[PDB]
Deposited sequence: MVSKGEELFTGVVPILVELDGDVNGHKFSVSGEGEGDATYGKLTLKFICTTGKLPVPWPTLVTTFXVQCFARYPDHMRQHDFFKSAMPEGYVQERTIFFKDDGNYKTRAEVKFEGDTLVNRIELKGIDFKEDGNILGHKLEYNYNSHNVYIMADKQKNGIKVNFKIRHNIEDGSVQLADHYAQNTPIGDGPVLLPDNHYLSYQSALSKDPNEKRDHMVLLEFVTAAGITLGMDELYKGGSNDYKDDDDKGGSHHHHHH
């Protein structure tokens, strides 16, 4: 049978993203809107920096900006924590270590508000180099494909997640961003605690030719894998 959480994602769902950030005292806010289609693992989102110029590169916020939209194969449904926590939602905590630079700490609440799936984020960054790749805006406006590794954390009734992002630097090098995370339900009811598996991501960044505010357009596909003799 289709679970209550699964049922919420059977069609296209509107998304709202709201972020308040402070990186080395540079304060900023971002709003985002679009839609998720979990059946295809598809996100289409547009973000606006509502406070003026974004003081970090847009690519460094991609991972922060709704894993409930991952496409979980039928055979992996019992491993989809994110949908199982809905509609009450889950809290995602991350630390993102930029190699040879500062770190972000993020707290996101992911839940439904009516028919809208909301991703509400606080981000705090410290210890950045004011002339490094982040505060010096030396990252290319592009994005590589990565895997995100998920394991259960039974003690916390949630999951632990880790992955490495490689951001291309304008000189042909790479800026590593090591991510460590925890996701835990907001409500008190049962959730799906998964076996070890991963999510496979691909992301494309673009611009809206009619948009004059500092912004990012994101197309992202996300598919669960790693658990698989019928043939």
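Chemist: Given the full deposited sequence, which segments carry no C-alpha coordinates?
Modeler: Holes in the chain trace, numbered from 1: 66, 230 to 233, 237 to 258.
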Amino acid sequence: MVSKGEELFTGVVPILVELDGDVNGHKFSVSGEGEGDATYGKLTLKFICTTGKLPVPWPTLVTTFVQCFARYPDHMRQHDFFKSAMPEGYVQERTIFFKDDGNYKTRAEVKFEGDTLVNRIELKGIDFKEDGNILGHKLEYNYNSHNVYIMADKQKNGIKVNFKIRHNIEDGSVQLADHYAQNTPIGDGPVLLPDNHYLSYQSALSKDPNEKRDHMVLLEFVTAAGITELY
From here on, numbers count along this sequence of modelled residues.
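Chemist: So 114 to 122 or 148 to 156, which one's hotter by mean CA B-factor in the entry?
Modeler: Higher mean C-alpha B-factor: 148 to 156.
Chemist: For the stretches 184 to 192 and 46 to 54, which has the higher mean C-alpha B-factor as given in the deposited record?
Modeler: Mean CA B-factor is higher for 184 to 192.
Chemist: Per the entry, which of 178, 171, 37, 33 tops the list for Cα B factor?
Modeler: Each of 178, 171, 37, 33 was compared by C-alpha B-factor; the highest is 171.
Chemist: Between 25, 21, 11, 14, where does the Cα B-factor run highest in the record?
Modeler: In this record, 11 carries the highest C-alpha B-factor of the candidates.
Chemist: Where does residue 83 sit by CA temperature factor within its chain: lowest, middle or highest third?
Modeler: Its C-alpha B-factor belongs to the middle third of this chain's values.
Chemist: Would you please rank residue 131 by its C-alpha temperature factor against the other modelled residues of its chain and give the third it falls in: lowest, middle or highest?
Modeler: Highest third, going by the recorded CA B-factors of the chain.
Chemist: If you rank every modelled residue in this chain by C-alpha B factor, which third holds residue 76: lowest, middle or highest?
Modeler: Tercile = highest for this residue's CA B-factor.
Chemist: According to the PDB entry, is the CA B factor of residue 212 in the bottom, middle or top third of its chain, that is, lowest, middle or highest?
Modeler: For residue 212, the deposited C-alpha B-factor lands in the highest third.
Chemist: Which third, lowest, middle or highest, does the C-alpha temperature factor of residue 164 belong to within its own chain?
Modeler: Tercile = middle for this residue's CA B-factor.
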